[PDB]
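Numbers and lists here come from the model and the stated rules, or from a named source; no laboratory read-out is quoted. Heads up, the Cβs are rebuilt from the backbone with ideal geometry, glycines too, and the neighbour counts pull from every protein chain shown.
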Amino acid sequence: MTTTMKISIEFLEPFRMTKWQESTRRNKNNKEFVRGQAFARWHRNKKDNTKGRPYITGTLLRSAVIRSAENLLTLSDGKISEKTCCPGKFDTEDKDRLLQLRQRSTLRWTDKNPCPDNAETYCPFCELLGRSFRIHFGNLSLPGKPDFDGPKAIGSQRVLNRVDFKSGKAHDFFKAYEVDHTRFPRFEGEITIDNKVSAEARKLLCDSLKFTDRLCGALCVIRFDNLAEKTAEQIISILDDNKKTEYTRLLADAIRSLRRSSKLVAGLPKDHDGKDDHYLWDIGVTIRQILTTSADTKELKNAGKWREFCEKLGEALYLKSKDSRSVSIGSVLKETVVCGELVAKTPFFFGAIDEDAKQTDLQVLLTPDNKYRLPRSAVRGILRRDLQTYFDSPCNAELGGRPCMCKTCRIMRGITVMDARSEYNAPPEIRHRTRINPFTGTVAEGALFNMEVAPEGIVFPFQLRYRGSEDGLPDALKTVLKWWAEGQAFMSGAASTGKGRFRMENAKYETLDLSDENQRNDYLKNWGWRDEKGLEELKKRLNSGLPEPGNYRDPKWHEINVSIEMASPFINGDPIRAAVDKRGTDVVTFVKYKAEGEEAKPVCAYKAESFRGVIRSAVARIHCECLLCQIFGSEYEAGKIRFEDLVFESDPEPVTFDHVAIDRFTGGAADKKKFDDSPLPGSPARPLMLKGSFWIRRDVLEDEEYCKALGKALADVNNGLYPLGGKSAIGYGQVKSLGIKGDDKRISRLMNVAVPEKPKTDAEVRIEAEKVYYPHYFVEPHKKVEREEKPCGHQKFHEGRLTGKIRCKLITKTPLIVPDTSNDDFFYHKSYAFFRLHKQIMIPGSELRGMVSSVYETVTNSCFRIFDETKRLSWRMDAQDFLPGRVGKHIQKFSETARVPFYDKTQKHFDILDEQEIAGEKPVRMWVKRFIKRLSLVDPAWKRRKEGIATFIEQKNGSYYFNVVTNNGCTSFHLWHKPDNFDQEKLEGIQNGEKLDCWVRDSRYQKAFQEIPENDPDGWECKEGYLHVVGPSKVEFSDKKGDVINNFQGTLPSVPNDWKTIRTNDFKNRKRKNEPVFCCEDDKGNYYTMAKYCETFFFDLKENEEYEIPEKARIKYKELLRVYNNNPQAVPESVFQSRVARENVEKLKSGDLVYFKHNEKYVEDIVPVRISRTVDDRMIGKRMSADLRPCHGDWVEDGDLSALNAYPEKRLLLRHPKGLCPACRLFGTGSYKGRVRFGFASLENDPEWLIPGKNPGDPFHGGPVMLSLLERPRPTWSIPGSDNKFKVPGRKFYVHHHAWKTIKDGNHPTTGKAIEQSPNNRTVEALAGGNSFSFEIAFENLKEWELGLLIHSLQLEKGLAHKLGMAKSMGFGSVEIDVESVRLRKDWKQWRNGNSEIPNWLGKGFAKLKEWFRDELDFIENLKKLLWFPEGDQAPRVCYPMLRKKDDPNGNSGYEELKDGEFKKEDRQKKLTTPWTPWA
Amino acid sequence: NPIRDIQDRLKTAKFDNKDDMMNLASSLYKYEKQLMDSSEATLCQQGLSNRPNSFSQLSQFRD
RNA sequence: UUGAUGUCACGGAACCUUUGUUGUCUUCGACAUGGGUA
Ligand SMILES: [Zn+2]
Ligand SMILES: [Zn+2]
Ligand SMILES: [Zn+2]
Ligand SMILES: [Zn+2]
């Protein structure tokens, strides 16, 4: 019998579970086990193995049933049907064997004595308890009893901490396992009941089971009736096949960023010029190809699969990169329900760290289905915190012991809230953070970390239930809910940076009275409306609104609004988005996402972290329990201020600006220093807007000292001292205003002689109207450079140093060009227009910064800031010590050579010789001849004049064939002799047997063949050797007809596509029949002239001489091949090109034929052909004094310097021992921020154009003008040799003149011929002289002499000027700067005028110069001479010479005849260092 | 400034002495720690002298 | 896979501290190329 009763549990929330423990540890002594007993257990099949499944013990259900039974008994009357139901027994003397004891107050309904321990009959409650197995609860396992690998398969562990109310920081925590309910909602079990149990007891059990509502820490309802690893290895192997190892972290970050959508792989960025050679995505098979294959794979087409694949790739790459009282209450009871929605107004961060995810430092909490979660524990903790704040009383409770009795705990022991999740499931975004060193002004060492953030706009469901004896909700709870509805709900962590502000919307409530019988029996029938259908039915019976508390306390946080005015470009860096965005730029702004439904929305903003850092730095510089700690918090205490992201009002779109670094020596662009960035546009006409707010506690607001500190800091920020964003050195992030509303004027209260003329110049230069001058010269530096070891820090405003602003005005003296390179087809032939921004003519601040820096570095004798130290120079040879040889560890040697015709119609060696031996692999047997015999039958009546006797044979077609036995029988030989008049006429009738005298001469004749010709069958050896075929390479092409081609008869022939089948057409010297020449015809070239017909043949190979090769020679040969390969002036047709340049040889190999020169032991140089280049052994950085090289430069000495990579001390090998020079101290270097900031210039009046425009109605646009060619600067002219006497001359400077008039006319400045349109030249829009511009400069912590020298470099003297823009060699862009005002700072409140100290500052600067250099100042005079502007009635003629004089109609010299004249190699440096030296 | 002391250690260093080795290791560790924790010593913007000898000695030490 | 007269664990916010910053004029004139003659 013992009829049973099946039961089940349906979990409405995730439940908690305890870990398995060893048998002996399961005792009263263990603490963790005792801390269990309320969560679910875990089973183990074998003790060593972790296999098993979860289950729930029956004693816990028994305790819940008992508790509910007591609750119902005290509630109704203690009368189940008609019986007394005594209070029961819960005490015994034997407390030693039990495992737990009751610590709560037992409940009471009657005052009668409990029933006897042994009696006839027991009450229904005592039957339920037992004490006689009348009722036996069973364990609950699962449906079907499956098995799992371990606890981690079904759930994940989590950490739960406890905070201190006084401070807001945790001090202890505990762990637990959480299991989702969507996967394991159902459990089953059974209950055994005896037949002697009373029907009243059965009804009580039924009611109690229906009343139980929470088990295992969750709501419950009781009822009774592969490619990732492969692709990772492929990409890693590819990067290792290259040497791109520094980029591993960046690539992993970009891959994890790509997880959002597979379509981003298609729209990946490429490299400039539209070619797929990106420095990341085209390292290779290539990374781009691999990502495309993984993208278009079918199985990875799925969104979630794609996401998981990208995350695993990122993890793998990051890993590689790192590698008993019995008290009554009463029968009154009500159950109040509240429902609503919790919307997120800002991002939020619920911390939850996973052990198997190391890439991100801070992670958010998610469900197994990637949905966002709002944990019950966090909601309960925030409710407790708000209640404690309301009562203004911390709870000094402790774990264990009796229950507490404070008001907060009493209110909290009636509360139930539901865990929630959202429908939005897109991946979270990522944010990066840094730490700044206050001394240098740059980031600290290794201070980088990541943060995961959830988006804003997500909506959660909310439900709260209160069970108490009051009429309704407590006043404290009403006030807290009103605060939450207002928007004072700060729930998530990282509140200082502006995370976790929620609002409660659509609130409804209803009250239920569980004292009334019908209502109670309706509640029990419906299970309390916990399931979804019951919840909907209850929602059909809810009233809107919320109550109104009586004692309403105002909130603790107050909102402060912010508005900022910005009239310059703005940027907030984000390298990853730049690494994946399709724009293709180096730096991009910050953009966040707003969650609307199931789709995001990009929006640009300014980071709250950055704003907080800026304000904190401003506060800390003009002033543990210090003020900064008290206001902004620290590691031991929470803060009292909370910032937020600032957004722009009318959404801008970004633009692009290009930059380039200029070399100080050559005056051209420095290699690998071309970059660009993408800021948001801003200007004075249409400035940017920023909106936002920040929160602050009232206690801080009611503190005069804290309000004073904040007011001072905000006043300093308002007075342009602290810009926002990055790249402030070039005029970005210049704040114009800052507003503060909503503080009752507590913080906002605190925020509220003409210049002398320049001195005239004493510099004088003599100009003659007949001579011609050069367009640039050099300035020789001084020997001594002053360096200071300790620069000035940025940590405070030092005393004795000045800070303020400088305002200037710029004037144009010659036409100026400053192009806008965004569009190169404004008018193939490229075209550009003047720089503009929001339709306003402007000049960027970087140009002016570079221009002023170039003169400051010259005035204060400093280092060459920009300089290509690692460049290597090369020179052409001119038509001795180079010997033949063959390559390896040593090089072989040959003793002699000889020539072999290959391109004449006499030899035909192609028909015979094999391809391998032509290439030089196999030996060849050839026939060398050393000297030739040259008869003259009659006595000279020559230089050597030998004697003999001739023996005539015959006379052929002209000529004379005959044997000649010279020296009277000593030597004999045959030959052919032509008729020589005055000697040949003696013998015109031949005899065939007549003998005559003869005198012989010898001439050097070194040739070789394989078959002896018909003419000379005598005196021919046969020796072994190799061949050196290089193909036709001697060619002399030009624009039009020269001189040799002019004498050609008839149309020249066609071109062969192969390099073997060429032959001569016509000799240059027709009379002597020598100097063969070849010509051919192509479509547009039309002019090729090849003058080579012999090849080279080595012989006399030796075995003894062997010479080791050095690595220096090796690298020199590598540079030689690179120079051959990269040649813009190369001949078009490859047949007329040497082998090394045609086959595109890259590295040296064994068995090749090359010339060389040697010392006693080693080899020094190697070349491929006879006349070749010579490569300098030393780099260009070693050809100058060590004190003039950059302070923080590059490695020039012999050494890879890669062994010391990834170590701290490597950086000390790239810095000067003596510190920093004045230029690097003022303008800053790579590890030191500067102390000057330049600003954008703006045109004041209306523009004046050089050429009138086509439309008279459009005065804001000008016409075009065509310039001549612009080619690269050449160091070889200034350094014309490899000898050690040659050094770097100095800094290049261009002179002022009026050559632009001829270009405006349309003629070439040199020749006067019309300019030819072509793809090479350019067309530009230029402004005329007389225009004016205005800009501003800001400095900070400067000395008197530094400020004076800066003012001098700005406004030097009258009669001098600067050079700005492009086409400086043609006379464009002469400008003059004059100072207008000089403000200064004394304190945060007072800003005086400093116009009456410029003479003192200038005098101190000159005194410092005198006390650095004892009155020599030669470079000063040279610089003043070069900056001299010609006055009226003086028109110098300045231009470059032509290549030859025949191309110059003026009759002036050219480069070829100038090299062999005034500008020879010995005086070129002296003539170039002297300013204004004529050359014609 | 640990840079001067490191220079003194290097120019006087010889690798057969464990005393010299531990002294140089201590100096390098002292410099590293000062680099990690921000201080006034980070304003020293100089480097070492005798670059070839210093490079040889540092490469020999860290290997 | 639990014992039985005693379980406030809905008895405990993974919380608190750190500026993607520093340094760079969209600038510009001297060649290239290997032999040929006796
Ligand atoms: Zn009893
Ligand atoms: Zn308490
Ligand atoms: Zn402090
Ligand atoms: Zn310097």
Is it fair to say A:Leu140 is within 16 Å of A:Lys6 (Cα to Cα) and within 9 Å of RNA strand C (Cβ to nearest atom)?
yes
The one condition A:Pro438 fails out of (1) away from chain B (no Cβ under 14 Å); (2) within 30 Å of A:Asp361 (Cα to Cα); (3) not in a strand (DSSP E or B) is (1)
If A:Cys792 passes every condition in (1) within 14 Å of chain B (Cβ to nearest Cβ); (2) away from RNA strand C (no atom under 16 Å from the Cβ); (3) not charged (D, E, K, R) but one, which one does it miss?
(2)
Which ones in segment B:6-63 are facing chain A (nearest Cβ under 7 Å), hydrophobic (A, V, I, L, M, F, W, C) and part of a helix (DSSP H, G or I)?
B:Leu28, B:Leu35, B:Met36, B:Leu43, B:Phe55, B:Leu58
Scan (1) touching a strand residue (DSSP E or B) at 6+ places or on another chain (Cβ under 6 Å); (2) assigned to a loop (DSSP other than H, G, I, E, B); (3) exposed (fewer than 14 other Cβ atoms within 10 Å of the Cβ) for the single condition A:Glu1380 breaks and write down its number.
(2)
Go through segment A:275-328 and give me each residue that's acidic (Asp, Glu) and in a helix (DSSP H, G or I).
A:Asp296, A:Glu299, A:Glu308, A:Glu311, A:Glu315
Here is a list: A:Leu628, A:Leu690. Which entry is outside any loop (DSSP other than H, G, I, E, B), within 16 Å of ligand 3 (Cβ to nearest atom) and farther than 30 Å from A:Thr1276 by Cα?
A:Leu628
Return yes when B:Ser56 is out of contact with any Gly (no Cβ under 8 Å at 6 or more places or on another chain) and more than 12 Å from A:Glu1209 (Cβ to Cβ) and no when it is not.
yes
Hey, could you check segment A:412-435 for residues that are away from every other protein chain (no Cβ under 14 Å), of a type in the set (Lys, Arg) and part of a strand (DSSP E or B) and say which is surrounded by the fewest Cβ atoms within 10 Å (Cβ to Cβ)?
A:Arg433
So, first residue away from chain B (no Cβ under 14 Å) in segment A:1231-1246, second residue assigned to a loop (DSSP other than H, G, I, E, B) and of a type in the set (D, E, K, R), Cβ within less than 8 Å, six or more apart or across chains; the pairs are none
I'm trying to understand the selection: among the residues of segment A:788-834, which are crowded, with 20+ Cβ neighbours inside 10 Å and part of a loop (DSSP other than H, G, I, E, B)?
A:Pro791, A:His794, A:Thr814, A:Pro815, A:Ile817, A:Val818, A:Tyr832
Kindly indicate which of A:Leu366, A:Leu362 is out of contact with any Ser or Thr (no Cβ under 6 Å at 6 or more places or on another chain), aliphatic (A, V, I, L, M) and over 20 Å from A:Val459 (Cβ atoms).
A:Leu362
Pick out the one residue from A:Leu1226, A:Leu1220 that is closer than 30 Å to A:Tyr722 by Cβ, of a type outside the set (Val, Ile, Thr), crowded, with 17+ Cβ neighbours inside 10 Å and facing chain B (nearest Cβ under 9 Å).
A:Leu1220
Among the numbered criteria (1) part of a helix (DSSP H, G or I); (2) over 16 Å from A:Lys478 (Cα atoms); (3) in contact with a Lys or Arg (Cβ under 7 Å, 6 or more places away or on another chain), which single criterion is violated by A:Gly381?
(3)
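Here is a yes/no grid of residues against (1) within 16 Å of ligand 3 (Cβ to nearest atom); (2) surrounded by fewer than 19 Cβ atoms within 10 Å (Cβ to Cβ); (3) in a helix (DSSP H, G or I):
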site: A:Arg1211; (1), (2), (3): no, yes, yes
site: A:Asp1246; (1), (2), (3): no, yes, no
site: A:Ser1282; (1), (2), (3): no, yes, no
site: A:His1297; (1), (2), (3): no, no, no
The condition of being more than 10 Å from RNA strand C (Cβ to nearest atom) and out of contact with any strand residue (DSSP E or B) (no Cβ under 9 Å at 6 or more places or on another chain) holds, among A:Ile560, A:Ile622, A:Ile564, only for A:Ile622
Scanning segment A:1299-1323 residue by residue, the ones that are assigned to a loop (DSSP other than H, G, I, E, B), more than 25 Å from A:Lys1465 (Cα to Cα) and of a type outside the set (D, E, K, R) total 12
Checking the structure you have, find out if any residue of segment A:613-629 is surrounded by fewer than 19 Cβ atoms within 10 Å (Cβ to Cβ), within 14 Å of another protein chain (Cβ to nearest Cβ) and either within 16 Å of ligand 2 (Cβ to nearest atom) or closer than 24 Å to A:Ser693 by Cα (or both).
yes
Of everything in segment A:1203-1240 that's charged (D, E, K, R) and in contact with a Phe, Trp or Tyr (Cβ under 9 Å, 6 or more places away or on another chain), which residue is nearest to ligand 1 (Cβ to nearest atom)?
A:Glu1209
Of the conditions (1) surrounded by fewer than 19 Cβ atoms within 10 Å (Cβ to Cβ); (2) farther than 25 Å from A:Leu1350 by Cα; (3) of a type outside the set (A, V, I, L, M); (4) within 29 Å of the chain's Cα centre (by Cα), A:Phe1260 clears all except one; give me its number.
(4)
Answer yes or no: is there a residue in segment A:1145-1166 that is within 16 Å of A:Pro1032 (Cα to Cα) and more than 16 Å from ligand 2 (Cβ to nearest atom).
no
Top-ranked residue of segment A:1292-1320 - restricted to ones that are in contact with a helix residue (DSSP H, G or I) (Cβ under 6 Å, 6 or more places away or on another chain) and not aliphatic (A, V, I, L, M), ranked as nearest to ligand 4 (Cβ to nearest atom):
A:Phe1293
Identify the single condition in (1) part of a strand (DSSP E or B); (2) closer than 24 Å to A:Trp527 by Cβ; (3) not β-branched (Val, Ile, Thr) that A:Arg41 does not satisfy, given that it satisfies every other one.
(2)
Scan (1) among the aliphatic types (A, V, I, L, M); (2) within 14 Å of another protein chain (Cβ to nearest Cβ); (3) touching a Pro at 6+ places or on another chain (Cβ under 7 Å) for the single condition A:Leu448 breaks and write down its number.
(3)
Select the helices (runs of 4 or more DSSP H) contained entirely in segment A:1407-1480, then report the ones holding at least 2 residues which are assigned by TED's automatic domain parsing to the domain that holds A:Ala1299.
A:1418-1426
Being small (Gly, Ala, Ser), more than 9 Å from chain B (Cβ to nearest Cβ) and crowded, with 19+ Cβ neighbours inside 10 Å, is that true of even one residue in segment A:1191-1206?
no
